[PDB]
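Written below as structure tokens is the structure these notes are about.
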Amino acid sequence: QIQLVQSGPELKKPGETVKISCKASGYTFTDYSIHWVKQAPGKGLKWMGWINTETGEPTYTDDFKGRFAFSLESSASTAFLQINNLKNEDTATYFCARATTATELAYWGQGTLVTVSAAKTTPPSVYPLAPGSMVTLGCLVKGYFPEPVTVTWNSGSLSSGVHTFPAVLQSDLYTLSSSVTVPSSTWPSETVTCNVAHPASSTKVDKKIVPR
Amino acid sequence: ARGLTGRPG
Amino acid sequence: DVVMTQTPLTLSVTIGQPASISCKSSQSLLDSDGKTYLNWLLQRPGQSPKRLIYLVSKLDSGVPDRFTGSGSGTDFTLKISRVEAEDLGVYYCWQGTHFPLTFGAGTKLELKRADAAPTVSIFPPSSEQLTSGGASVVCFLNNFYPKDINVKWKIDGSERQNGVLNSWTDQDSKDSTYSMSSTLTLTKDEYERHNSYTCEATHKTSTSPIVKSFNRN
């Protein structure tokens with residue numbers, strides 16, 4: 001019955017503003033505190049402060065005093081988080097939480113991902129990786145934005161020894177790699193192809209892996 | 001009615 | 001701020017066996033009203049955090065009775081009598097006694113298994129990336145355990161620490177191993193000034209590294 005639903009994912013450029021919401025249901029909204037917590041990707045948790053849902057008074061911790069504003073629209077049981085003059089380091093998932101008597105962070109929202117980047121939509125360059133009972137091959141997907149990309153092998157026919165790794169930022173754009181392991185009798189006697197999709201640029205590439 | 005860290009309502 | 005120190009940061013567990021996590025604080029968490037505002041959270045993969053224990057030892061609504069929390073003053077502990085697949089993820093202890101609220105660094109529970117050394121595969125830059133002016137040399141270190149591993153690069157016997165970017169997978173849901181990808185990015189000109197390129201895997205399963213090389217010739 002007690003739920004807090006946050007707004008969807010946001011892609012913003014440096015210097016812009018973003019306002020995310022948290023709609024509460026199941027209780028009398030002005031009876032408990034709303035808290036804000038940041039989690040940068042792959043990192044721990046950090047409390048940003050809270051807002052008083054009866055008086056509307058906000059409290060900010062040291063690192064969030066300046067470019068951050070907490071607000072309410074009590075009639076719609078909603079709390080907002082506005083960040084101005086966005087910077088790269090603001091990239092993270094933001095959570096709203098509601099307090100109970102003994103604990104400040106009791107009920108949690110699903111989180112809202114904010115990504116801050118000056119990059120423009122760019123398709124990836126897909127390169128085959130051939131080795132210079134088993135054999136390991138791969139594909140390098142380099143220089144794309146935004147995430148994500150889907151990587152498949154032989155249109156899904158190959159999926160046993162597949163490792164598609166997390167993308168990494170290299171010069172404002174994303175780079176990723178995938179590896180496949182197959183029997184030595186199967187390649188290069190037969191064809192092995194990596195299929196790479198990037199919906200944001202309407203790109204779809206097929207790259208056959210040839211000995212080299 | 002609310003403490004420094006927001007406990008409770 | 002109060003510093004929350006969780007030990008260990010990575011705890012290897014076995015389904016059916018008990019687990020224990022320590023959390024020490026830089027100052028006392030006994031508050032003015034005689035209560036101790038020390039809580040525990042669990043954050044499973046791809047999900048938001050979720051309340052486990054509050055007031056040191058009180059389990060929250062619908063939390064499995066097999067989770068035990070205890071302690072006082074500056075020393076606290078979370079024990080799991082018998083661990084399950086549902087219990088896997090990142091556990092954080094956090095305090096509400098002093099402003100501002102602070103969290104520990106997190107303790108990730110992984111599945112223990114037998115040590116498996118990595119299979120290394122090195123690949124030279126493709127003819128396609130080369131014709132475009134680029135040069136990326138890739139190395140995969142697959143299905144190894146435990147997660148800790150060191151990767152080394154050498155151009156004509158001589159190391160190169162700059163221009164290396166790494167990436168790691170989550171623990172495999174089937175075999176419980178980890179895999180790593182390491183890429184060495186260079187300019188095309190700088191790639192054609194050296195002949196031998198090597199990737200090394202230093203893992204505890206051997207006093208010697210697993211070396212893979214290829215020469216541009």
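Chains: A, B, ... in order of the structure tokens. Residues: from 1 per chain. Ligands: from 1, in order shown.
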List every residue of chain A that has an atom at most 7 Å from any atom of chain B, giving for each one its closest atom pair and the distance in Å to one decimal, counting only C-alpha atoms, sorted by chain and then by ascending residue number, as JSON lines.
```
{"residue": "A:31", "atom": "CA", "partner": "B:9", "partner_atom": "CA", "distance": 4.6}
{"residue": "A:32", "atom": "CA", "partner": "B:9", "partner_atom": "CA", "distance": 3.9}
{"residue": "A:33", "atom": "CA", "partner": "B:6", "partner_atom": "CA", "distance": 5.8}
{"residue": "A:50", "atom": "CA", "partner": "B:6", "partner_atom": "CA", "distance": 6.8}
{"residue": "A:99", "atom": "CA", "partner": "B:8", "partner_atom": "CA", "distance": 6.0}
{"residue": "A:100", "atom": "CA", "partner": "B:8", "partner_atom": "CA", "distance": 5.5}
{"residue": "A:101", "atom": "CA", "partner": "B:8", "partner_atom": "CA", "distance": 4.7}
{"residue": "A:104", "atom": "CA", "partner": "B:7", "partner_atom": "CA", "distance": 6.1}
```
Contact residues (chain C, partner chain B, 10 Å, only C-alpha atoms) as a PDB file with N, CA and C atoms, in the first residue's frame:
```
ATOM      1  N   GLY C  96      21.538   7.155  12.329  1.00  0.00           N
ATOM      2  CA  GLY C  96      20.640   8.300  12.470  1.00  0.00           C
ATOM      3  C   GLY C  96      20.765   9.058  13.797  1.00  0.00           C
ATOM      4  N   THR C  97      21.747   8.689  14.622  1.00  0.00           N
ATOM      5  CA  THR C  97      21.946   9.333  15.924  1.00  0.00           C
ATOM      6  C   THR C  97      22.511  10.751  15.842  1.00  0.00           C
ATOM      7  N   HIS C  98      23.387  10.975  14.863  1.00  0.00           N
ATOM      8  CA  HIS C  98      24.022  12.262  14.676  1.00  0.00           C
ATOM      9  C   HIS C  98      23.738  12.843  13.303  1.00  0.00           C
ATOM     10  N   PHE C  99      23.626  14.161  13.226  1.00  0.00           N
ATOM     11  CA  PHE C  99      23.454  14.820  11.947  1.00  0.00           C
ATOM     12  C   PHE C  99      24.893  15.008  11.428  1.00  0.00           C
ATOM     13  N   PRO C 100      25.166  14.673  10.163  1.00  0.00           N
ATOM     14  CA  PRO C 100      24.287  14.121   9.123  1.00  0.00           C
ATOM     15  C   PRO C 100      24.312  12.612   9.067  1.00  0.00           C
ATOM     16  N   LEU C 101      23.206  12.000   8.620  1.00  0.00           N
ATOM     17  CA  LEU C 101      23.149  10.548   8.422  1.00  0.00           C
ATOM     18  C   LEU C 101      24.338  10.102   7.553  1.00  0.00           C
TER      19      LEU C 101
END
```
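Atom pair CA of residue 41 (chain A) / CA of residue 140 (chain C) has a distance of 23.3 Å (rounded to one decimal).
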* To do: Please return as number ranges by chain: the residues of chain A that backbone DSSP assigns to strand (DSSP E or B).
  => A: 3-6, 10-12, 18-25, 34-39, 46-51, 58-60, 68-73, 78-83, 92-98, 107-108, 112-116, 122, 125-129, 134-145, 150-153, 158, 161-164, 168-170, 173-183, 193-198, 203-208
